[PDB]
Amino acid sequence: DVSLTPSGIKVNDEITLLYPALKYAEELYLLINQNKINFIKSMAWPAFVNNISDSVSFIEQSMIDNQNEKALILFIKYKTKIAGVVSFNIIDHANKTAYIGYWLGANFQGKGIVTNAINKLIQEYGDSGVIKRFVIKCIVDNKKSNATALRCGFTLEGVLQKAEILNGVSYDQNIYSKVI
């Protein structure tokens, strides 16, 4: 499979999902910083990304989790730029289940980048038999994330009451799955 390269997973001509590395810390940090105000509306961690050292620490932990298959954290490269992150936040091997996370900088939204990334990951891990069940959880009022889940052919399974806390406030999540 020529799409599986040493540096990452080639999705298409414009998108590669990069294995984390320290060389990305500066660009990743700058991207998060640029999007902090908007990102704080949908995720709990951006509020606390205050220096490049925070992105270094995130990269170091992500590499440890990747090594041990606890998670799969990938940095989305679109053309020449880091565009965001796509992940299996959790890989449950015993139950062949992966829980998916994602974000894109504002300048990279509206381009199908995360939908293409997710489709590629499901082909690679799902059609190979490693993962049987893929899961997306997202706050009910997160319009774009819900649209992405549906665009990727996931099915709504239910609503998880008060399941995600942002800034001390609990929000309901939709839980979506795609089963192989």
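The first residue of the sequence shown is number 1, and the count goes up from there.
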Inset, instruction - Determine, for stretches 95-103 and 77-85, which one has the higher mean CA B-factor as deposited. - result: 77-85
Inset, instruction - Output the stretch having the higher mean C-alpha B factor in the entry; the candidates are 21-29 and 160-168. - result: 21-29
Legend entry - Selection by C-alpha B-factor (highest) of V135, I118, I139, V130: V130
Legend entry - Modelled-residue ranking by C-alpha temperature factor, third containing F58: middle
Inset, instruction - Consider only the C-alpha atoms of the modelled residues in this chain, order them by B-factor as the entry records it, and name the third containing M43: lowest, middle or highest. - result: lowest
Inset, instruction - Could you say whether, by C-alpha temperature factor, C152 belongs to the lowest, middle or highest third of its chain? - result: middle
Legend entry - For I64, the third of its chain into which the C-alpha B factor falls: middle
